[PDB]
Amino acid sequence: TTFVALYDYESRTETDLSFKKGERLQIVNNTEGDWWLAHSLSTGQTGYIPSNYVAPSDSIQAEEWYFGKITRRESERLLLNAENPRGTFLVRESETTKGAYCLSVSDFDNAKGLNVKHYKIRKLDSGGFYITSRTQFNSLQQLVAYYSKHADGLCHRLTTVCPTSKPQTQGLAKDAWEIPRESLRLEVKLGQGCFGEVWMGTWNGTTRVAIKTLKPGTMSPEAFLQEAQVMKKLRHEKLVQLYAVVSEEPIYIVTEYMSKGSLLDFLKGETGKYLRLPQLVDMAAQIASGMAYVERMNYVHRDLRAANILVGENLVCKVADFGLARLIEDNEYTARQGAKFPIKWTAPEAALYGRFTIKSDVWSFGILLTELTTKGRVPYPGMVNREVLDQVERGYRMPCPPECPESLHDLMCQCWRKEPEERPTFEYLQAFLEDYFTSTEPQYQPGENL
């Protein structure tokens, strides 16, 4: 009946419990959802813990190398990390065959360099588990134990478990949402937007967070609180999580801190000097993935651009600042006008008639695509804000960027169709970009290569 910690966790409050990976814990109350009351069997300490940091003892989820429901693409990003020795692996659920699993392994070819090999694990009618029919096992852990000693047909002996980063807890702590202004300490100014500032800081003197401040008069706290309730329910690995808020003016917005900064700045400079097409297309794919979730949830971003995409380790990109723009009470901004309104990323029907939809976000994604292929160069280079809308209304569209493949420029043009409903979906954009360089995420090795 005991559980086991999958990761190390540091206590953030007076009532939660710290633990180290591998510690055995007794859930002495699970009547909650994301935060459970636990008791450490080794230390005797009690306290709340994030439910996504533990797994039932002896379960397959308890296995260090079992990544469960991770896609083939996501598993590849993790395995291809430069630090990973050859033979680094993970096991996950197969996407094409229900009930089946998959062993993904990192390999190096002197005529292909670093690469990932995928092997589908089928479970017979009897009960055996196998990659090759000439070798079956009664369990996934038995299989893994075998190939850790002998490659036996695999690209390399299983050597190291794929490392990963601690998952985000849902909320800063149990029941924390509308928090006291004094629970935060601002430490490093990260930037100054148009309606406030952003700082790297600390919550409760223990947790690293990002804090955005809104100048009084920007938007009504009441409307803000209603909208924050909606955004709070949006959870996806390619969306920056909203942690907590201080609803009274000056309004505070606490989200997860992205150390690598914005995509725009990462695009310009030295960080993006040797950035090649395959990298830029993968970042675009991640962005389309988060926006497809937004699409599935029937939500609307309203301010999509490279400045609003954040970067993390493993070239991870996350969609930020969604929903807020709609609350701005600024008179000029409300009329899609002013030096504060991002007209260069706005679809004509949104600017002209205020018709903001997932389709106008698709138009914005097309513009973002140009920043990604021009090292962050500003859209419509020779045009001033005040003349952009009239030009685009008459049919003007940016030409193919220098060095950008025409095929990608064609995608942008689809996103910029005059008819919003003729514009592609984010589901489509994600699939197109993920499979851009011949790779619809298929192909599994056969079995015995020698």
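Residue numbers run from 1 along the displayed sequence. For clarity, a rigid core is taken as the largest C-alpha set superposing within 1.5 Å between two forms.
Displacement analysis by core superposition in 4 other deposited structures of this protein ranks 11 to 19 above the other of 424 to 432 and 11 to 19 in root-mean-square C-alpha distance from the shown form. The stretch that strays farther, by root mean square C-alpha distance over structures and residues in 4 other deposited structures of this protein after a rigid core fit, is 123 to 131, when 123 to 131 is set against 103 to 111.
Averaged over their C-alpha atoms, the temperature factors of 113 to 121 and 234 to 242 are higher for 113 to 121. For the pair 100 to 108 and 126 to 134, the mean B factor over Cα atoms is greater in 126 to 134.
Ranking 301, 92, 77, 336 by the C-alpha B-factor listed in the PDB entry places 336 at the top. Ranking 271, 357, 169, 373 by the C-alpha B-factor listed in the PDB entry places 271 at the top. Compared with the other modelled residues of the chain, the Cα B-factor recorded for residue 399 ranks in the lowest third. Annotation for residue 221: C-alpha temperature factor in the highest third relative to the rest of the modelled chain, per the entry. Among all modelled residues in this chain, the alpha-carbon of residue 417 has a temperature factor (C-alpha) in the lowest third. Ranked by C-alpha B-factor against the other modelled residues of its chain, residue 432 falls in the lowest third.
Sorting the modelled residues of the chain by their CA temperature factor places residue 70 in the highest third.
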